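Just one chain follows, in the form deposited in one PDB entry, and it is written as structure tokens.
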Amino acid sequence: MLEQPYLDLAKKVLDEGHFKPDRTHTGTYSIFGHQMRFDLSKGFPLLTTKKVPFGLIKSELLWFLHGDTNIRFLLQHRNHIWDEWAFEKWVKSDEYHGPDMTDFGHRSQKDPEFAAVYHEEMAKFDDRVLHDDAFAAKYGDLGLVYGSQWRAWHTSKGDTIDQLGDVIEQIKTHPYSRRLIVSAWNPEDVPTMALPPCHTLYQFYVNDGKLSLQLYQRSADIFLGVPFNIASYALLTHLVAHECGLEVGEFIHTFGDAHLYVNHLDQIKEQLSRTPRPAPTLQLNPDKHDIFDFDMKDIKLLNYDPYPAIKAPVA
């Protein structure tokens, strides 16, 4: 069944994982080193064993593909995956004259109404970003995010390299290249910043007139993360394939540390007693071929009949 390499990872982490005290200790089971393959000709590897929001995914991949870094795009799509980040830096100094929130991702988890403060304060911020150009520009731009380092790497000599656009230029002239590699890792930014990338490095490849893609992800959350990630890059594999006129091969997900957090073993345990269903067909716009000029309504997904989504808390 298409998503089984998923399910197998978590079976592995569960009974082969190691405990690491490593958060704020908190706990994890973690394996170092794992490839996993998906044949993208069988289906779209959106997990059927719990409902996953494909639109939070195809929006987030369209931000990346537009070279975007400002929050505002996403919040114009009901997409709240990046908020936390920007809001933190908002609640840092100035206009911010309101209720401090150090460790709000904990005080707002070990709360009751420390949740409503944050959730009004965030209601607020998200609205500031939405309408105050002025504001948006300053706080909603996160600056170093994936779309930034995919499409505009700052080079020592002053320019900006569209690292993806050039690799897409070599798929079409040099399909047999062994260097079709985009990095999001920058040695010097890496230690200043909040979130050194998980989705560290990717290489494409061509044979048989089909595109296969390989991701090196450095840290992973089996429960809450990996189901969403499989789809971002399985979609990337389909639109680059789509634009370079080739067919979709395979998506290979390689992990350095994979880990399940301890508060997720319950859910992941229950998910596992379910039985994967025939997976959705992905299907994109022929009349449109400009992928950096794609919008929402041109990637369509059909026949995703999941099981119920499982709520879990993030750790």
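For every residue, the number given is its place in the sequence shown, counted from 1. Definition used throughout: the rigid core is the maximal C-alpha set that superposes within 1.5 Å between two forms.
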120-128 versus 240-248 - greater average Cα B-factor per the deposited record: 120-128
275-283 versus 54-62 - which carries the larger mean C-alpha B factor in the record: 275-283
From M1, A315, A309, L7, residue of greatest CA B-factor: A315
Out of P187, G140, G98, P196, highest CA B-factor residue: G98
Third of the chain, ranked by Cα B-factor, where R72 sits: lowest
Third of the chain's Cα B-factor distribution that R178 belongs to, per the entry: lowest
Third of the chain's Cα B-factor distribution that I161 belongs to, per the entry: middle
Entry-reported Cα temperature factor of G43, expressed as the chain third it lands in: middle
Modelled-residue ranking by C-alpha temperature factor, third containing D293: middle
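There is another form of the same protein, the form solved in complex with a small molecule; it is not shown, and what comes next is about it.
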Contact label in the deposited complex: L195 to the small molecule, heavy atom within 4.5 Å: yes
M1: touches the small molecule in the deposited complex, heavy atom cutoff 4.5 angstroms: no
Contact label in the deposited complex: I310 to the small molecule, heavy atom within 4.5 Å: yes
Contact flag, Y261 vs the small molecule in the deposited complex, heavy atom cut 4.5 Å: yes
Triplet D132, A137 and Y139 all within 4.5 Å of the small molecule in the deposited complex via a heavy atom: no
Of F73, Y205, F228, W153, the one that lies within 4.5 Å of the small molecule in the deposited complex (heavy atoms): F228
Proximity to the small molecule in the deposited complex, single hit among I81, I168, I161, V117 (heavy atom within 4.5 Å): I81
In the deposited complex, segment of 206-214, 123-131, 219-227, 237-245 with a heavy atom within 4.5 Å of the small molecule: 219-227
Displaced residue between this form and the one not shown, judged on C-alpha after the rigid core is fitted, out of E84, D100, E169, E188 (threshold 2 Å or more): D100
Large Cα move at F73 between this form and the one not shown, threshold 2 Å, rigid core: no
Yes/no, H18 Cα shift of 2 Å or more between this form and the one not shown with rigid core fixed: no
Rigid core superposition, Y205 Cα moves 2 angstroms or more between this form and the one not shown: no
